[PDB]
Amino acid sequence: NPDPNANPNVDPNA
Amino acid sequence: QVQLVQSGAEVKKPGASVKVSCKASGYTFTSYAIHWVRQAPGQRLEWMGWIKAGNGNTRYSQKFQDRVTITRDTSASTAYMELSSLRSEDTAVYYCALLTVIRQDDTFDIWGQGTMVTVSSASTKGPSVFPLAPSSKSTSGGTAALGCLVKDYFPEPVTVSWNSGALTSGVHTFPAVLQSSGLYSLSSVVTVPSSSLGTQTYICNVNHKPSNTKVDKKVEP
Amino acid sequence: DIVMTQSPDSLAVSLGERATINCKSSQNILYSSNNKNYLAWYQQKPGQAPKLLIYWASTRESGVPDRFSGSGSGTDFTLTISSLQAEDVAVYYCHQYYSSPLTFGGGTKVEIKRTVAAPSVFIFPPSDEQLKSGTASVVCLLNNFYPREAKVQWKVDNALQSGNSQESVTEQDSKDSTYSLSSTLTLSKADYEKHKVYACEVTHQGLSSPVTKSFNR
């Protein structure tokens with residue numbers, strides 16, 4: 001799974 | 001018009017510390033995460049860490065996690081990066097960036113202009129500017145060269161414009177070279193019609209911010 | 001830690017032909033839960049900060065020309081520039097944001113192949129001003145030429161100089177794709193005034209015979 005705190009600026013759903 | 005604006009170039013001694021500011025304007029400062037990315041001479045982009053500008057919370061790369069400190073001041077819309085126990089390998093350009101702000105409401109990506117940090121015991125020195133004078137005489141080709149030699153400065157960089165930014169076409173500002181003496185030197189040239197010489201006015205604007213030297217030199221044939 | 005490996009490290013194509021840049025992640029960066037590959041492409045032109053072109057491996061950033069397209073999936077990705085413009089000269093990076101730490105590739109320097117162009121040669125004597133301070137800097141300029149390789153030889157009263165000069169060449173021009181070169185010869189004032197004829201001799205692919213620019217002190 002992606003680490004969603006790799007870059008907090010990324011919203012993975014859009 | 002979303003802008004990130006970093007503090008000027010610095011020279012710091014081995015083992016010392018450096019602090020680089022990153023002023024972020026044009027958007028809600030607490031909304032996004034500001035990252036710090038550096039790039040060594042001839043080397044790749046290297047992520048160092050981010051800070052959530054609202055939270056104040058951080059993540060640092062493992063490589064830097066015992067040496068780097070990222071802070072923010074919301075009232076001053078400013079992020080800061082501090083790097084301790086400097087080594088010459090840390091000589092680099094440091095950037096702040098709003099990296100990949102991905103949203104359905106616009107995806108954007110915005111970098112600072114970058115900050116040159118030189119790790120060196122050597123002193124700070126302002127450059128001398130000398131004219132690179134053209135010939136007013138009329139040739140079978142019709143074009144003259146002119147310029148300014150920007151000589152004996154440390155650390156990098158220097159910035160050069162012509163006529164307060166009015167003259168960009170034809171301009172060549174060369175990468176500085178490190179002289180045997182330890183000081184940098186570069187030249188900035190431009191090619192113009194020979195007719196413009198006696199009439200048009202040419203001034204190189206030289207700014208070396210680590211020594212707060214600012215020189216304007218009118219170059220005459 | 002995901003490492004990013006790009007190939008080739010530099011390529012040179014003539015204007016209007018495609019530039020193909022490849023990038024591999026050491027691990028998968030496809031998220032099967034949302035079917036998105038966590039890859040990005042940046043173009044970084046000399047003196048400037050990187051600029052985003054592509055995200056989610058294949059979505060174009062607002063404002064990016066259509067000749068820029070990204071493809072691939074999982075662990076193999078490619079930046080394709082369908083018709084290389086003069087101004088596309090830069091180093092290009094791929095970038096993963098699947099896992100922390102965020103990492104970039106090593107860069108692909110993308111440069112234009114074009115026809116030969118001889119340089120324009122100019123020689124600058126040192127200013128009187130500088131000579132007050134006891135040093136002499138003689139500058140030879142080669143302007144907007146191609147290919148990049150050039151030979152500058154300083155001759156002083158027709159004696160070939162060695163060890164006493166420094167060169168620097170600009171990046172490739174974003175309009176006509178040429179290069180310009182500086183050669184600076186530095187002498188003490190005493191070594192300057194003991195000679196008369198100062199000359200740089202330029203050899204280059206564009207000059208069937210080398211070009212000598214000269215002055216008398």
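Residue numbering restarts at 1 for every chain, and letters A, B, ... go by the order of the sequence lines. Values below: all heavy atoms of this structure, side chains included; hydrogens, waters and symmetry mates excluded.
- In this structure, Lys45(C) places its NZ atom where more than 12 heavy-atom neighbours from other residues, nucleotides or ligands lie under 6.0 Å away.
- Listed by chain and residue number, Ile203(B), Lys218(B) satisfy the side chain to side chain contact (heavy atoms under 4.5 Å, CB included) test with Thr201(B) (two or more places apart in sequence, or in another chain).
- Contact check for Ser71(C) versus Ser58(C): no side-chain heavy atoms found under the 4.5 Å cut-off.
- Listed by first and then second residue, the side-chain hydrogen bond (donor to acceptor under 3.5 Å, both in side chains) pairs involving residues 108-118 of chain B are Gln6(B)-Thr115(B), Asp109(B)-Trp111(B), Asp109(B)-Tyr42(C) (not counting sequence neighbours).
- For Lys63(B), the side-chain hydrogen bond (donor to acceptor under 3.5 Å, both in side chains) partners are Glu46(B), not counting sequence neighbours.
- Pairing each heavy atom of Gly26(B) with each of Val2(B), the nearest pair is O-CG2, 4.2 Å.
- Under the salt bridge (charged side-chain N to carboxylate O under 4.0 Å, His left out) criterion, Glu201(C) pairs with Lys155(C), not counting sequence neighbours.
- Residue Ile2(C) holds its CD1 atom at 3.5 Å from OG of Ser99(C), rounded to the nearest 0.5 Å.
- For the ring pair (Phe, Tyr, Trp, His ring centres under 6.0 Å) criterion with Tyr97(C), the lone passing option out of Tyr38(C), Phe104(C), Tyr31(C) is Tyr38(C).
- Within the 3.5 Å criterion, the main-chain N or O of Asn9(A) finds a donor-acceptor partner in the side chain of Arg103(B).
- Scanning for side chain to side chain contact (heavy atoms under 4.5 Å, CB included) contacts around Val171(B) gives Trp162(B), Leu167(B), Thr173(B), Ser188(B), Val190(B), with sequence neighbours left out.
- Counting only distance, with no hydrogens or angles, the side chain of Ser7(B) and the backbone of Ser21(B) share a donor-acceptor pair below 3.5 Å.
- Separating the CZ atom in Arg60(C) from the CZ atom in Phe68(C) is a distance of 10.0 Å, to the nearest 0.5 Å.
- Of all heavy-atom pairs spanning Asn144(C) and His172(B), the tightest one is OD1-NE2, 2.9 Å.
- Side-chain atoms of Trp47(B) do not come within 3.5 Å of backbone N or O of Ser100(C) as any donor-acceptor pair.
- The shortest distance between side-chain heavy atoms of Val206(B) and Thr213(B) does not fall below 4.5 Å.
- The distance from the CG atom of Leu84(C) to the CG atom of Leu15(C) is 7.0 Å, given to the nearest 0.5 Å.
- Pairing each heavy atom of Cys96(B) with each of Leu4(B), the nearest pair is SG-CB, 4.0 Å.
- Ion pair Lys12(B)/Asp90(B) not flagged as a salt bridge, since none of the NZ, NE, NH1 or NH2 atoms sits closer than 4.0 Å to an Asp/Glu carboxylate oxygen.
- Ring to ring, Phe108(B) and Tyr32(B) are close: their centroids are under 6.0 angstrom apart.
- To the nearest 0.5 Å, atoms CG (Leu207(C)) and NZ (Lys151(C)) are separated by 14.0 Å.
- Heavy-atom contacts from other residues, nucleotides or ligands closer than 6.0 Å to NZ of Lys125(B) number more than 12.
- Closest of all the heavy-atom pairs between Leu98(B) and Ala33(B) is CD2-O, 3.5 Å.
- For the pair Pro50(C) and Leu45(B), the minimum side-chain heavy-atom distance is below 4.5 Å.
- Applying the side-chain hydrogen bond (donor to acceptor under 3.5 Å, both in side chains) rule to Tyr202(B) yields the partners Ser196(B); only residues at least two apart in sequence or on another chain are considered.
- In this structure, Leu186(B) CG and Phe174(B) CZ are separated by 10.0 Å, a value rounded to the nearest 0.5 Å.
- The side-chain heavy atoms of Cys204(B) and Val129(B), taken from C-beta on, include a pair separated by under 4.5 Å.
- Using a 4.5 Å cut-off on side-chain heavy atoms (C-beta onward), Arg18(C) and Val13(C) make no contact.
- For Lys51(C), the NZ atom is densely surrounded, since the number of other residues' heavy atoms within 6.0 Å is greater than 12.
- Between the side chain of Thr91(B) and the main chain of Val119(B), a donor-acceptor pair closer than 3.5 Å is present.
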What donor-acceptor contacts under 3.5 angstrom involve side-chain atoms of residues 147-154 of chain B, with partners at least two apart or in another chain?
{"residue": "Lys151(B)", "atom": "NZ", "partner": "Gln179(B)", "partner atom": "OE1", "Å": "2.7"}
{"residue": "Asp152(B)", "atom": "OD1", "partner": "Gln179(B)", "partner atom": "NE2", "Å": "2.8"}

Donor-acceptor contacts under 3.5 Å from residues 105-118 of chain C side chains, at least two apart:
{"residue": "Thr108(C)", "atom": "OG1", "partner": "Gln6(C)", "partner atom": "NE2", "Å": "3.3"}
{"residue": "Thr108(C)", "atom": "OG1", "partner": "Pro8(C)", "partner atom": "O", "Å": "2.9"}
{"residue": "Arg114(C)", "atom": "NH1", "partner": "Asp176(C)", "partner atom": "O", "Å": "2.7"}

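- Between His204(C) and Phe145(C), the angle of the ring planes goes over 60°, which puts this pair in the perpendicular group of the 30/60° scheme.
- Taking each heavy atom of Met4(C) and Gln96(C) in turn, the nearest pair found is CE-CB, 3.7 Å.
- Sorted by first and then second residue, the disulfide bond (SG atoms under 2.5 Å apart) pairs with a member in residues 23-113 of chain C read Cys23(C)-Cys94(C); sequence neighbours excluded.
- When the side chain to side chain contact (heavy atoms under 4.5 Å, CB included) test is applied to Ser164(B), the partners found at least two apart in sequence or on another chain are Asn205(B).
- Scanning both residues, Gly74(C) and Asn28(C), for their nearest heavy atoms gives CA-ND2, 3.3 Å.
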Verdict with supporting geometry, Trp36(B) and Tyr80(B), ring pair (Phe, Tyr, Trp, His ring centres under 6.0 Å):
CA-CA 9 Å; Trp36(B) 284 92; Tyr80(B) 311 81; 8.6 Å; no

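- Residues that satisfy the side-chain hydrogen bond (donor to acceptor under 3.5 Å, both in side chains) test with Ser177(C), not counting sequence neighbours, are absent from this structure.
- Side-chain N or O atoms of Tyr60(B) include one that pairs as donor or acceptor with a backbone N or O of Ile70(B) at under 3.5 Å.
- Scanning for side chain to side chain contact (heavy atoms under 4.5 Å, CB included) contacts around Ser138(B) gives an empty result, with sequence neighbours left out.
- Outside the 6.0 Å centre-distance limit, the rings of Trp41(C) and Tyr55(C) are not counted as a close aromatic pair.
- Here CG of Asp76(C) is found 8.5 Å from OG of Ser25(C). Values are rounded to the nearest 0.5 Å.
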